[PDB]
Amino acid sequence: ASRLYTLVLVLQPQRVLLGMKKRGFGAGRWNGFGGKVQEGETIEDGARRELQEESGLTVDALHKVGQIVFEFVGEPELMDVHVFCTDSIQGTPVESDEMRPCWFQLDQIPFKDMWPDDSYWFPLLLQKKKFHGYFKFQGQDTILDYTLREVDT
């Protein structure tokens, strides 16, 4: 059993857009835009919806770059996160209060205040790779094990 999620990274050559989650699961961490995919909606439609809802941005196209499965030890349900990137945004970020948006220079990505897994997979988005990942967590802060299967693009 798994629950499906999306994550969208607005990635330009000089910078990336991240959001800080203000409350709920992952509050206090910079991340892409995303959330749970709903019954009856395709993964890409859910990615677009979450991007709109959280940042007020629409996009012409999304591109799939990766999938990551997360296991929390002791919990039966896996998280299955589909990761997309875009540089085709319409509008300018609108600050919700699920997320606080902020652009970051690519050599100033705030890894210490991101989910720990991002330190492993996020550089793959800069390194011309698509990937499938699996991370075993013990609580929220501790990676016990991970795997990454990567292909150069």
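Each residue number is its position in the shown sequence, starting from 1. Between two forms, the rigid core is defined as the largest C-alpha subset superposing within 1.5 Å.
With the rigid core held as the alignment frame, decide whether 111-119 or 35-43 lies farther from the shown form in 6 other deposited structures of this protein, in terms of RMS C-alpha distance. Checking 111-119 against 35-43 in 6 other deposited structures of this protein, I find the farther stretch is 35-43.
Looking at C-alpha RMS in 6 other deposited structures of this protein with the core superposed, is it 12-20 or 126-134 that drifts more? Relative to the shown form, the greater RMS C-alpha distance in 6 other deposited structures of this protein belongs to 126-134.
Averaging the C-alpha B factors as listed in the entry, name the stretch that ends up higher: 101-109 or 27-35. The stretch with the larger average C-alpha B-factor is 101-109.
Taking the recorded C-alpha temperature factors, which stretch has the higher mean, 84-92 or 121-129? Mean CA B-factor is higher for 84-92.
What's the residue among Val151, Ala1, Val8, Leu148 with the greatest CA temperature factor in the PDB record? Top of the list by C-alpha B-factor: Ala1.
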